[PDB]
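Architecture and fold: a report
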Amino acid sequence: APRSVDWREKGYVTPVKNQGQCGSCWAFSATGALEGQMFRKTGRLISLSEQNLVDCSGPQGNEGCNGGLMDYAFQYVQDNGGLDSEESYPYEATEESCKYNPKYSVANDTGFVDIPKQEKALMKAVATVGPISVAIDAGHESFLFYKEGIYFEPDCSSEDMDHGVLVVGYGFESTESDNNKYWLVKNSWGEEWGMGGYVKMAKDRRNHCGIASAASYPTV
Ligand SMILES: *C(=N)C1(NC(=O)[C@@H]2C[C@@H](S(=O)(=O)c3ccccc3Cl)CN2C(=O)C2(c3ccc(Cl)s3)CC2)CC1
Ligand SMILES: [Cl-]
């Protein structure tokens, strides 16, 4: 495999978005993964509607601005036969009645793949598939106030993930020091957070923060 991967370099990734004051991280993770797989299919990068997921995927198990699962979002797109563009169904950061309109659907999915709970399996998927939805433990002040460098939190959990994000690659920092690898992660907290909205999550450090515990992507 390559020593570093960055799917932004191939046009798979929309700019950083901001979920605002709604607990819709799961929806941004899911649209990021589906944006990448739709691009893999068609060669067209089209921003997808998180609002459509927030408002409409309750029957699949999601809970709007109070949380959800990326796999439930993928199941919704499959069940629903489509997902509207960001343009047609703009983001409001509040849960409303479903306004899905099939006229403006620009994406589909046929299922989803759950990667096994192994950083090696996650690496193979990132190297070959595209951006991957992942669950992480973001429940520490260190994450909230992250600015730069490889994020490592000694108290991070590999089981109590609480935040859905998107792995768009991996790499390493030049150093003689032990443990210099990271996952390149797109967050949904705007470019004002982290490294222009991204975080380098420690890689190959005992499944740090659970990044390989609930990784998945949609089939299209
Ligand atoms: C995002 N803004 C918030 N976080 C969530 O909605 C997260 C996203 C997933 S998770 O934590 O990434 C996850 C954990 C374990 C297995 C798979 C995943 Cl994808 C779930 N989540 C939650 O807050 C949970 C929910 C589980 C089922 C739901 Cl429906 S919501 C409590 C774990 C802050 C909202
Ligand atoms: Cl939130």
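Residues numbered from 1 in each chain as written, not as in the entry; some residues may be left out. Chains lettered and ligands numbered in written order. Heavy atoms only, no water.

In the vicinity of ligand 1 lie 16 residues, with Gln19, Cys25, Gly68, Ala135 and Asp162 positioned nearest. The separation between a nitrogen atom of ligand 1 and a polar side-chain atom of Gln19 is 3.0 Å. Contact distances for ligand 1 include 3.1 Å between a nitrogen atom and a backbone N or O atom of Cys25. Residue assignment for the shell around ligand 1 shows that the elements contributing at least two residues are α1 (25-42) and β7 (163-172). Partitioning the shell around ligand 1 into residue classes produces seven nonpolar, eight polar and one charged. (Near = heavy atom within 4 Å. Polar contact = N/O pair within 3.5 Å; in protein donor to acceptor, adjacent residues only side chain to side chain. Helix = DSSP H or I, 4+ residues; strand = E, 2+ residues; numbered from the N terminus. Nonpolar A, V, L, I, M, F, W, Y, C, P; charged D, E, K, R; others polar.)

Bringing the packing of aromatic side chains into the picture now. What the rule picks out here adds up to eleven aromatic pairs. Considering the side-chain rings of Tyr170 and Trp183, the 6.2 Å spacing of their centres and the 85° angle between planes classify their relative orientation as edge-to-face. With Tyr170 in strand β7 and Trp183 in strand β8 (residues 181-186), this residue pair connects regions lying 13 residues apart in the sequence. Side by side, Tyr170 and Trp183 carry an identical accessibility label, which is buried. Put simply, the rings of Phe143, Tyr146, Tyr151, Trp189 and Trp193 touch in pairs and so form one group of aromatic residues. The side chain of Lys200 reaches across the aromatic face of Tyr182, ending 5.1 Å from its centre. (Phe/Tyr/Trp six-rings, centres within 6.5 Å; stacked < 30°, edge-to-face > 60°. Buried < 20%, exposed > 50% of the residue type's maximum accessible area, 1.4 Å probe, protein only. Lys NZ or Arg CZ within 6 Å of the ring centre and 35° of its normal.)

A general feature of soluble globular proteins is that nonpolar side chains tend to end up buried together. Grouped together as the largest cluster of nonpolar side chains are 60 residues, with contacts concentrated most on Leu122, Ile132 and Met201. Counting residues per element, this core draws most heavily on α1, which supplies eight residues. For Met201, the residues in contact, after removing those within four places along its chain, are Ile136, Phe143, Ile150, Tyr151, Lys181, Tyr182, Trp183, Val185, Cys209 and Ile211. (Core = buried A, V, L, I, M, F, W, Y, C linked by side-chain atoms within 4.5 Å. Contact = heavy atoms within 4.5 Å.)

What follows is about the state of the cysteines. In total, this model carries three disulfides according to the counting rule given. Covalent S-S linkage joins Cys56 and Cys98, the inter-sulfur distance amounting to 2.0 Å. Across the S-S bond of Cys56 and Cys98 the torsion is about 95°, and the bridge reads as right-handed. Of this pair, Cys56 sits in helix α2 (residues 50-56) while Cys98 is found in the loop between β2 (83-84) and β3 (105-107), placing the two residues 42 residues apart along the sequence. Relative accessible area serves as the criterion here: at 43%, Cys98 is assigned to the partly exposed category. Across the disulfide from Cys156 sits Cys209; the S-S distance is 2.0 Å. In this structure, the disulfide formed by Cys156 and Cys209 twists by about 100° around the S-S bond and is classed as right-handed. You can see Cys156 sitting in the loop between β6 (150-151) and β7 and its partner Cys209 sitting in the loop between β9 (198-202) and β10 (216-219), a full 53 residues away along the chain. Side by side, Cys156 and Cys209 carry an identical accessibility label, which is buried. Counting only the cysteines that form disulfides, in the order they appear in the chain, gives the pairing 1-3, 2-4, 5-6. (Disulfide = S-S within 2.5 Å.)

Turning to its location among the elements, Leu166 is positioned in strand β7. Overall, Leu166 belongs to the buried group, its relative accessible area being 3%. Sequence-wise, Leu166 and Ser216 are 50 residues apart; in three dimensions their C-alpha atoms are separated by 9.8 Å. When residues no more than four places from it in sequence are discounted, the contact partners of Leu166 are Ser29, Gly32, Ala33, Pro131, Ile132, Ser133, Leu184, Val185 and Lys186.

Our next topic: the UniProt feature "binding site: Zn(2+) 4" in the chain. Residues annotated in UniProt with the feature "binding site: Zn(2+) 4" correspond here to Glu92 and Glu96. Checked against the element boundaries, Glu92 lands in the loop between β2 and β3. Secondary-structure assignment places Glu96 in the loop between β2 and β3. Owing to a relative accessible area of 32%, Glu96 belongs among the partly exposed residues under this scheme. (UniProt positions renumbered as here; feature names shortened; annotations may be inferred.)

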